[PDB]
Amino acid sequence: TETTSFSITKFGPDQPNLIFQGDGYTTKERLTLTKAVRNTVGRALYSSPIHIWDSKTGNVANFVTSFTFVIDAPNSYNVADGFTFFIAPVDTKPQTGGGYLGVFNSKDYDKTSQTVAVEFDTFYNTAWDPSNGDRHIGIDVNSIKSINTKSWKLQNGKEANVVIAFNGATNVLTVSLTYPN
């Protein structure tokens, strides 16, 4: 049973488990992806590669990730753009920033992207986001347009606990965000 696990509850200046890309850095004991600055992209990856499935069996892994995040916007009206947990090839580099969350380069289906991602998008991009224009949790796969979304009320400065799980057998991804208080 190939396995991989880790728990982190105190990020530090020298926190070697992770890989920092873009403007990502670890400050105030928390993983800082971006700050209240324009046009930035901050990504952080777990150093060790994980075996998600096997060819000579066709077995797919079974996993779970749990994390607490905080989106703190100076102004609660103008918020952008989004946070994201992603699964990408072993040698991922930051992609297009801005509305493309740093993991994708276009709206079209890019088969070679090989990146699936559960996004928490706080900015309506008329070119590809749901017409209702609500902040939403979305499941992307090889493109910035979500294959499914759920409207979500961002609580400026509050910390939501997210729990994402994957069942290799039924292949159903599950995502849950919860704002305690």
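From 1 onward, residues are counted along the sequence shown.
Participant: Would 72-80 or 93-101 have the larger average of its C-alpha temperature factors, as given in the entry?
Facilitator: On average, C-alpha B-factors are higher across 72-80.
Participant: Which wins on mean Cα temperature factor, 43-51 or 148-156?
Facilitator: It is 148-156 that shows the higher mean C-alpha B-factor.
Participant: Among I19, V163, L173, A169, which residue carries the highest C-alpha B-factor recorded in the PDB entry?
Facilitator: Each of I19, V163, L173, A169 was compared by C-alpha B-factor; the highest is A169.
Participant: Looking at the entry's B-factor column for C-alpha atoms only, identify whether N59 ranks in the lowest, middle or highest third of its chain.
Facilitator: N59: CA B-factor falls in the highest third of its chain.
Participant: Check where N125 lands among this chain's C-alpha B-factors and tell me if it's the lowest, middle or highest third.
Facilitator: Middle third of the chain for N125's C-alpha B-factor.
Participant: Taking the chain's C-alpha temperature factors as the reference, tell me which third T178 falls into: lowest, middle or highest.
Facilitator: As the PDB entry reports it, the C-alpha B-factor of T178 lands in the highest third of its chain.
Participant: Taking the C-alpha B-factors as the PDB entry records them, is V141 in the lowest, middle or highest third of its chain?
Facilitator: According to the entry, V141 has a C-alpha B-factor in the chain's middle third.
Participant: Report the third (lowest, middle or highest) to which the CA temperature factor of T26 belongs, ranking only the modelled residues of the same chain.
Facilitator: It falls in the top third of the chain.
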